[PDB]
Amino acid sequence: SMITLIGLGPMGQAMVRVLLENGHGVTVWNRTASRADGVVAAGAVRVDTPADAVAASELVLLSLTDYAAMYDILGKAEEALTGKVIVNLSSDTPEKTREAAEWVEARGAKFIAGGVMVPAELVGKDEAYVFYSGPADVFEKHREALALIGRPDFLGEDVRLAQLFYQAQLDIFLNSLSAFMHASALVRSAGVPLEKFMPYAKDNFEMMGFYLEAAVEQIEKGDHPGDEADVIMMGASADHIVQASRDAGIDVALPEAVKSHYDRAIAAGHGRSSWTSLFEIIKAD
């Protein structure tokens, strides 16, 4: 049961290993031949060329930093893409994802977009899930295999959907990392150790589920009551974090961006509305 995988970053590697562990034969190629050494030891079969990698399997998985990478690699293997199934598990733009769907299918391949929503350490484990979008019939044919990487959430036949859901998750995630480090940087400025603050940050993030249901209701109904907490008070909070950041001499870009949401809401007259009203100035009309 030979499946190909191209791109042997942590993810590519962790995926190749799960495919090998569950009986499948796995052909690999990577720009840096020597990164494959570990998985080749485990049972994978390295090959000289990207075309050889594509020719080896029906199913071809890509784990690459961006879609530009798909073009650099598959560009040296076009004649062999015919009859094949590209599953691209790379981050890039939804718009660039569709543009990619069209190029691979013009070269005669079926294209599915995927987004893996776990670190490599948890690929193949219980917490693992993967956004997928594109041909439902082709996805079904290879579901059993892809299901090993993590729980497949098929979103629809619009190839952009998985990428859009991936960018959306990482929007929150990269924000939470940057926010965490920013808040930590504020406390370390006054000489507090990170280990004394981290438990509070943990609770902070773990408590987010409490707010999210009321938030979705308020946002979809355009109903933003400030009774519990208004944009004037939370705008002031944003102003304080910015000014504390300048006082401490840490980064101001991230808190100035949060303040800008409150500033635009205030300008739009949502002073007395719920913080959910920020959605009105964030969204596309």
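A residue's number is simply how far along the shown sequence it sits, counting from 1.
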> Higher mean Cα B-factor in the deposited model: 237 to 245 or 42 to 50?
Replying inline: 42 to 50
> On average, which has the higher Cα B-factor in the deposited entry, 21 to 29 or 271 to 279?
Replying inline: 21 to 29
> If you check the C-alpha B-factor for each of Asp92, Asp203, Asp171, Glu99 in the entry, which is highest?
Replying inline: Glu99
> Between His142, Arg188, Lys196, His182, which carries the biggest CA temperature factor in the record?
Replying inline: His142
> Lowest, middle or highest third of the chain for the C-alpha temperature factor of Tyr71?
Replying inline: highest
> Looking at the C-alpha B-factor of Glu217, is it in the lowest, middle or highest third of its chain?
Replying inline: middle
>> Ranking the modelled residues of this chain by C-alpha B-factor as given in the entry, is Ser260 in the lowest, middle or highest third?
In response: lowest
> In terms of the chain's CA B-factor thirds, is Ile250 lowest, middle or highest?
Replying inline: lowest
> What third of its chain's C-alpha B-factors does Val192 belong to: lowest, middle or highest?
Replying inline: lowest
